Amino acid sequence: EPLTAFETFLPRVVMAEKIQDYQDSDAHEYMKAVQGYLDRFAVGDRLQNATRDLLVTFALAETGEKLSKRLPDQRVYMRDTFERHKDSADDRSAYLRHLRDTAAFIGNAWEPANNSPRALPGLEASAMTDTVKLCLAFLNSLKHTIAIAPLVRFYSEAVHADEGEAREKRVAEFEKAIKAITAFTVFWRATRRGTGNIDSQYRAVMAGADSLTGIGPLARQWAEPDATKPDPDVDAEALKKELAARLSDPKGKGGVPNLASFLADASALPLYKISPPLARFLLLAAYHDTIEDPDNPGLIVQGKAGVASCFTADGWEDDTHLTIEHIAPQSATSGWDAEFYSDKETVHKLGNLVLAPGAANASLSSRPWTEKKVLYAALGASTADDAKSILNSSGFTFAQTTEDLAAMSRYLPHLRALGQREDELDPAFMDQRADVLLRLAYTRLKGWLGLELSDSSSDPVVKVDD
């Protein structure tokens, strides 16, 4: 098997310490850690793939990167940018520290080992807050590896920082950073058909350039080797405002200038087919602390804080109680308005999606709305007794026992709401539903990015396309 660009770099990291002779040299503790992470992968492709992917994100993190997957190209760069630190002792030290930090992060925070939780090595478990846990989980699910580079940067700084006040400040900044990255990615991705090359945006941020804000590079060092000015990993506005603008500024390639355009873009796409993880993240954002709408029978509205909370790491992980389920079946089925199957994409838009217990699926699948209405009313009941009363009160006999479905019952307003809807369901209604949902989601993620799009609404609004 071919030697990875990593093992080719170790001799180079040994000719470069004179002689500790190492190990006792520092590199050999940072470098041992990285080895620790790679040892996790079996010789052959897994070891190859893991190493080249570690190096790729490394390049983005030390300089805006875009280092290719090909091996000879990686053997360089490692060479290139170590020679940059031939002279200084402490600077070929911080560099290697940086490589340790990216392996630390990928291995523990991004893709933890088989049974372990997620962690930020060197940072306490307090740092591993609920929001941090939910974003890591989501970004990973989306396979958004590009987000690793900016994240390592804030992690690296949190570790290196002095204990007490310094560490905490940088830890809180890490959360601010993770939120901003996530919200930006969600908004960009919800509002576009494909990936629309988000990656290209992130690299530009890392490297700097095309900076909508006054802000400079996010990588550790400058791509142009030499120094006249410092480089700062700051997120309080810097990441936030820069990303905010990249999405929402006419000068930016994010084609989303106001609320009405966001709603129009997202409403229109088959989000479930594009990215089930994204659909799920949006649904959780939307349904969190909602209550059935007293005036619009199908709909929901924001309610008491903590009354129906799902927008959490636990909620993300909870496939068992909160599975994505289609209201209008994915396929033409009787008991349903044919309008829904004009466009193959209709059934997959946010408005048609609910979160329901996964087991019930056997009873919900391909049934007329008449049947589903009872099921949602039941599955959304406050006690299993009410579910029992609802299910029996109905004439229907479902695929599962009354006793069984009642067990799966839980307080879920969006389900209760749909159960109360007396009027028939059509694509027009799902569009209204999507609007309601996308608004609530926006209201929840908005703060993460510092967004405040015009809800001038038509008046002083230009419904713009990307």
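In this text, residue numbers run from 1 along the sequence as written.
Visitor: With respect to the recorded C-alpha B factors, which stretch has the higher mean value, 24-32 or 409-417?
Guide: Mean C-alpha B-factor is greater for 24-32.
Visitor: Between 88-96 and 352-360, which has the larger average Cα B-factor in the PDB entry?
Guide: So the stretch with the higher mean C-alpha B-factor is 88-96.
Visitor: Looking at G315, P150, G395, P329, which has the highest Cα B-factor in the entry?
Guide: In this record, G395 carries the highest C-alpha B-factor of the candidates.
Visitor: What third of the chain, by the recorded C-alpha B-factor, contains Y77?
Guide: Its C-alpha B-factor, which the entry lists for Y77, ranks in the highest third among residues of this chain.
Visitor: Relative to the other modelled residues of the same chain, rank the CA B-factor of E345 and answer lowest, middle or highest third.
Guide: Middle third.
Visitor: If you rank every modelled residue in this chain by C-alpha B factor, which third holds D162: lowest, middle or highest?
Guide: Highest third.
Visitor: Within this chain, which third does the Cα B-factor at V43 fall in: lowest, middle or highest?
Guide: Highest third - that is where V43 ends up once the chain's C-alpha B-factors are sorted.
Visitor: Should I215 be placed in the lowest, middle or highest third of its chain by the C-alpha B factor in the entry?
Guide: Its C-alpha B-factor, which the entry lists for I215, ranks in the highest third among residues of this chain.
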